[PDB]
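> Residue numbers (our numbering), protein chains in the order written: chain H, 3 to 392; chain P, 26 to 492; chain Z, 16 to 93; chain U, 67 to 144.
By construction, the Cβ of each residue, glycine as well, lies at the ideal position given by its N, Cα and C atoms.
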Amino acid sequence: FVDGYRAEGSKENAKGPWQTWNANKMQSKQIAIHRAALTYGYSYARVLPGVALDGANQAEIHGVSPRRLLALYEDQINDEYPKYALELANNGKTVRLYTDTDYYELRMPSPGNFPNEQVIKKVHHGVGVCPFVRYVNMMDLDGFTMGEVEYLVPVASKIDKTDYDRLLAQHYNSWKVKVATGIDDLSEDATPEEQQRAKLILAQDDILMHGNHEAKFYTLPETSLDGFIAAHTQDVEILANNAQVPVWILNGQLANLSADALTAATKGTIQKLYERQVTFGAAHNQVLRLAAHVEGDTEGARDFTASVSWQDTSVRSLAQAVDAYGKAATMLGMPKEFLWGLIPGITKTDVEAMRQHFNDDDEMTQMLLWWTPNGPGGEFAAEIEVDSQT
Amino acid sequence: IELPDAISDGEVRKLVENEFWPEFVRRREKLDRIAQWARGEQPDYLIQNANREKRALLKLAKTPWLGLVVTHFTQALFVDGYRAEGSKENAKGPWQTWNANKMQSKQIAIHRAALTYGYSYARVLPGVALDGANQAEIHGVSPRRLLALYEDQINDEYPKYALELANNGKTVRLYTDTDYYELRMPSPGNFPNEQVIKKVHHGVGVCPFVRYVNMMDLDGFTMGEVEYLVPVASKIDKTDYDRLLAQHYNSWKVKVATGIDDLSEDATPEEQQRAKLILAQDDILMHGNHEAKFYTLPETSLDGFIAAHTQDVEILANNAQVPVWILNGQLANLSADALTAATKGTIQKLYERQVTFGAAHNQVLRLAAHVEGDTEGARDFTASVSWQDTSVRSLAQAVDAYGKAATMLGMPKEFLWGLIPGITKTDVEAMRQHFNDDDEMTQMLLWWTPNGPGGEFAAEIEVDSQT
Amino acid sequence: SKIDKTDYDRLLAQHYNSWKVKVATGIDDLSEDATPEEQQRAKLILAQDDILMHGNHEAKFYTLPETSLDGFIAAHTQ
Amino acid sequence: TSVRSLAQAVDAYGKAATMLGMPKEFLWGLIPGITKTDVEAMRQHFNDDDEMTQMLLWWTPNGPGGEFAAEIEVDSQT
């Protein structure tokens, strides 16, 4: 999750690209963009000029799945924005090609025909280079961009195969089959598969018996159905370890781990998520730089050091984090203003609300600010003291 | 191959086509093979090419393990800030180039390539900035698309002659000392002489290539982290394949019968295979022959294979200096000392990798400063990059220990701010910029006491009462 | 070298004899028109539903126990 | 190359500095995660004229101390 746009040397989000982020409802589309980037391998974000509600300049930012986009790069490793990109609309009616400074539009009446009778629409909006930003899953020095679903296809297939084998064992041979030998056959008037409802009563009280001393009753042992569960557990823990995902959220139950043990267990997942955060933050910074550029705003385009801020993904309990942060503020002397946003359950909106109303003239804030364990303090406790002295 | 003293100004292609291209292809095939090995598809020592089912099972058992180790190693390496000797603030020189070139996202790829292949390459070339100033363009080149020649492999810093292949497969460039040779690659394996060779005199001095060697060895023999553990990964995959073969072919009690007649159903010529013999819990099998016998075939217990795979994967984890719990099993309720002991080997290996990659990054920054003049950066041979802490210590323990150290040992608290997990150099800079602001928020939060705000705010009420 | 030898012994045990080998006795031989190693793709269907049966009361089906594969791990750990 | 955790080493070294009176300058290089470069950086910038170092040097649990806390006291007394 992305919250706030912290520029270098400023603790408050700028009123530039962050305004575009809030206006475009990116808080709900970033989840989809990240999911598509993690699944397919490289998401695409389209930023185009547009008019605001009041008539000002508002950059319209939308995400396009790779299934409906084809971006061409002359330098796949490092090209920033593409050169020529073909975009397919989700309604399957219009096909658009994005060149450097023109907006080509075509028609898609049927899947596989491009009649020339239609008039090609060319729109000169003006964005400079092709307005497409690639959200690469993992950064590699030789291309080969891949998602997080393709890299673990064989292990998931193995898990499903183990489950299928267990189901086959449980459905076909899982009960002691009762068989009999030595008795006659072709009975019931040489049954031609007629009147299948024999309804042979067999209960606890019923005792089977036959008029032949040569009749033998055997039983067939069934599969123990124990190795399959262990094999599936091993396969699923292999899946969890290979994907850097905690095991307890995949199989089994977490033990009574301490803080250090839990940090060790989640360190790999935390590091992988931090790498994903870094690459997605670079992509978001590029998107915001393009969005600022399309509406002039040379300050945003020039600033190459501003980066987005991400919510903490730690697996630390509230009490431990709060007490440690309080000790740090009291002894190491860290600024408490920044520390407010680090406690779990508090977002940037809560921090802004605290900052806006912290020294209000109402009795509530004054009472709650100068609070002592033995009653309210400050001027409220000074008034009674001065009255007594007087 | 031979090292030519001359640069072959008029006959560069003649030397390339008969000395560099064959060696480049010979290295490229091995690098491509090892790259394919890294991203799954482990080397199959035994493969059955006659049975489709066996081949499918073997392919289904190709669990990627070395790639996971490489990703884990490369995700814990990060460079933040360029701390010069005697200065707590990053210099506005090479760090500006680092920030401008978006190296924060390319360092991960560079480290991954160095850990996989064995030796990454970084290309730094002169360029123009956005405002028109001098900005050094730094890019990383994979060994699959580069061939660097060293007259002294152990210690040569920058190479002498290097052949670079562009990722589009259209241009082939050779990097000499002070010229930029450019050729064309229309087809994979032809170098027509009709094309005009482009020579560009940019001016960088020595060949602008820095090698990111994985491990430092005194006799060359540079190798990656994926090649050194090929046999153990192959053994793990073989064990998984054996387990799959046991589970897929013989894992259920096979029901067999003897003594009954044969060639029934009108001497079945494999016709009407849908016999649909009803067999359920209620159904009781019976045959009209007292000589009929029903036997059962025991199946594989399927217990040794899991233990063998666990042993193989823990061997993999121990041999690669990677924690076992992130590979197999679950970590116990270890204390601080036990966890430090468990992670000591991984921490030490990552520290060695940090040292070598920091040396490479320092060389890269020195070259980047040199290409834009900046004699101060080139002369400074003591400045080194700073790396994020990779400790496995919990936040509460680290914070309380650091606070105790600051309060008793008297360490500077300014440096200690960047050591708590979850705080980066940007957060430290933000704290430094806004720590004594004139707004009421910072003043209230700075002179804070457990019994309400202190400082001048608590002094005003006291002086009012006294007055 | 001893560790590698133990690992090699474990691999030999796991690769050659690690499954219950199903064998049959008493049935005829030289079948399938006296097979001269021709048409190796017999494709004898054998699944959970399938039940083997032969037209001879003298046919016996035996199983061969496999290596427990437990001592090798302990030896390698030691 | 010790295998001691950071908290234990730090608290023991602090107790030693406070009671046995060992020189704290040498003790800075013994905590894990701090090298000689960090010690040199601390030594170079420990008494800088900027407000940051002055605030962080005379720090008390109930707010900044030293001359910063003396200015308000002398203003109140005046």
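1. Cα separation between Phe-440 of chain P and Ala-107 of chain U?
2. Is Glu-296 of chain P buried or exposed, if buried means 16 or more other CB atoms sit within 10 Å of its CB?
3. Kindly identify the DSSP beta-bridge partner or partners of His-64 of chain H.
4. Could you check what DSSP says for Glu-301 of chain H in three-state terms: helix, strand or coil?
5. Determine the DSSP secondary structure at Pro-478 of chain P, reduced to helix, strand or coil.
6. Answer yes or no: does any C-beta atom of chain H fall closer than 8 Å to that of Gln-63 of chain Z?
7. Go ahead and pull the three-state DSSP assignment for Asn-175 of chain H.
8. Look at the alpha carbon of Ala-171 of chain H and the alpha carbon of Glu-339 of chain P, and state the distance between them as a whole number of angstroms.
9. For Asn-159 of chain P, does the three-state DSSP call read helix, strand or coil?
10. May I ask which residues mark the beginning and end of the alpha helix (DSSP H) holding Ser-189 of chain H?
11. Nearest chain P C-beta to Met-108 of chain U closer than 8 Å, yes or no?
12. Excluding the five sequence neighbours on either side, which residues of its own chain have a C-beta within less than 7 Å of the C-beta of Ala-258 of chain P, listed in chain order?
13. Should the stretch 115-125 of chain P be regarded as contacting the stretch 122-139 of chain H, the criterion being three or more beta carbon pairs within less than 8 Å?
14. For the stretch 327-346 of chain H, which residues have a CB atom closer than 9 Å to at least one CB atom of chain U, in sequence order?
15. Anything in chain P within Cβ reach of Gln-29 of chain Z, meaning under 8 Å, just list it in chain order.
16. Roughly how many angstroms separate the alpha carbons of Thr-492 of chain P and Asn-59 of chain H, rounded to a whole number?
17. Could you give the residue range of the alpha helix (DSSP H) that holds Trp-23 of chain H?
18. Distance check for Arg-48 of chain H and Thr-281 of chain H, CA to CA, integer angstroms please.
19. Taking the alpha-carbon of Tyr-44 of chain H as reference, which of H:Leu-71, H:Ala-245, H:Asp-228 and H:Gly-298 has the nearest alpha-carbon?
20. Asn-358 of chain P and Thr-335 of chain P: beta carbons closer than 8 Å?
21. Looking only at its own chain, which residues have a Cβ that is under 6 Å from the Cβ of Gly-335 of chain H, when we skip the five neighbours before and after it?
22. Check whether the stretch 288-307 of chain H and the stretch 109-119 of chain P are in contact - that is, three or more C-beta pairs closer than 8 Å.
23. Let's see if you can read the secondary structure: which residues bound the beta strand (DSSP E) around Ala-87 of chain H?
24. Which residues in chain U sit within 8 Å of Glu-487 of chain P, going by Cβ to Cβ distance?
25. Could you tell me the distance, in whole angstroms, from the CA atom of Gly-65 of chain H to the CA atom of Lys-79 of chain P?
26. Candidates P:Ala-109, P:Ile-303, P:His-226 and P:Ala-300: which alpha carbon is nearest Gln-110 of chain U's?
27. Between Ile-185 of chain H and chain P, is any beta-carbon pair separated by less than 8 Å?
28. Hey, which unbroken runs of the alpha helix (DSSP H) at 4 residues or more fall wholly within the stretch 59-91 of chain P?
29. Give the secondary structure of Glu-119 of chain H by DSSP, where H, G and I count as helix, E and B as strand, and everything else as coil.
30. Would you call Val-50 of chain P buried or exposed, if buried means 16 or more other Cβ atoms sit within 10 Å of its Cβ?
31. What residues in the stretch 237-249 of chain H have a beta carbon less than 8 Å from any beta carbon of chain P?
32. Within its chain, find whatever has a CB closer than 8 Å to the CB of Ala-91 of chain H; leave out the 5 residues flanking it on each side and keep chain order.
33. Determine which residues of the stretch 96-108 of chain P have a Cβ less than 8 Å from any Cβ of chain U, and write them out in chain order.
34. Any beta-carbon of chain P closer than 8 Å to the one on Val-179 of chain H?
35. For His-69 of chain Z, which three-state DSSP category applies?
36. Between which two residues does the alpha helix (DSSP H) carrying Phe-340 of chain H extend?
In short:
1. Straight through space, the alpha carbons of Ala-107 of chain U and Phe-440 of chain P are spaced by roughly 9 Å.
2. By the neighbour-count rule (16 or more Cβ atoms within 10 Å), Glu-296 of chain P is not buried but exposed.
3. According to DSSP, which records beta bridges pairwise, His-64 of chain H is partnered with H:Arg-48.
4. Three-state DSSP puts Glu-301 of chain H in a helix.
5. DSSP, read as helix, strand or coil, puts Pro-478 of chain P in strand.
6. With respect to chain H, the C-beta atom of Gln-63 of chain Z has a partner C-beta closer than 8 Å.
7. Reduced to three states, the DSSP call for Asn-175 of chain H is coil.
8. One C-alpha to the other measures close to 31 Å.
9. In the structure shown, the three-state DSSP call for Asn-159 of chain P is strand.
10. 189-192 is the span of the alpha helix (DSSP H), which, as asked, contains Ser-189 of chain H.
11. Closer than 8 Å: yes.
12. Closer than 7 Å at Cβ, skipping near neighbours: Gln-67, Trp-90, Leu-91 and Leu-341.
13. The stretch 115-125 of chain P, when compared against the stretch 122-139 of chain H, does not touch it at the 8 Å Cβ threshold.
14. For the stretch 327-346 of chain H, residues whose beta-carbon sits nearer than 9 Å to a beta-carbon of chain U comprise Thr-332, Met-333, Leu-334 and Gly-335.
15. Residues of chain P passing the Cβ test: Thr-264, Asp-267, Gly-329, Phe-330 and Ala-333.
16. So the alpha carbons of these two residues sit roughly 58 Å apart.
17. Counted as a single uninterrupted DSSP element, the alpha helix (DSSP H) harbouring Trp-23 of chain H occupies residues 19-25.
18. One C-alpha to the other measures close to 18 Å.
19. That would be H:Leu-71, whose Cα lies nearest to the Cα of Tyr-44 of chain H.
20. For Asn-358 of chain P and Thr-335 of chain P, no; Cβs fall outside 8 Å.
21. No residues qualify anywhere along the chain.
22. Taking one beta carbon from each stretch, the stretch 288-307 of chain H and the stretch 109-119 of chain P have fewer than 3 pairs nearer than 8 Å; the two do not touch.
23. That run of the beta strand (DSSP E) goes 86-90.
24. When 8 Å is used as the limit between beta carbons, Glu-487 of chain P is near these residues of chain U: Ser-142, in chain order.
25. Computed Cα separation, rounded: 43 Å.
26. If we check each option's Cα against that of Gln-110 of chain U, P:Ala-109 comes out closest.
27. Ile-185 of chain H counts as touching chain P.
28. Fully enclosed alpha helix (DSSP H) runs of 4 or longer: 77-85.
29. Coil, per DSSP.
30. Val-50 of chain P comes out exposed.
31. Of all residues in the stretch 237-249 of chain H, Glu-239, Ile-240, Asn-243, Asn-244, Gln-246 and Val-249 have a Cβ within less than 8 Å of some Cβ in chain P.
32. Within the same chain, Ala-91 of chain H has close Cβ partners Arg-70, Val-97, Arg-98 and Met-110.
33. Against chain U - using a Cβ distance shorter than 8 Å - the residues of the stretch 96-108 of chain P are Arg-108.
34. Under the Cβ criterion of 8 Å, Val-179 of chain H is counted among the residues facing chain P.
35. If DSSP states are grouped into helix, strand and coil, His-69 of chain Z belongs with the strands.
36. 338-341 is the span of the alpha helix (DSSP H), which, as asked, contains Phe-340 of chain H.
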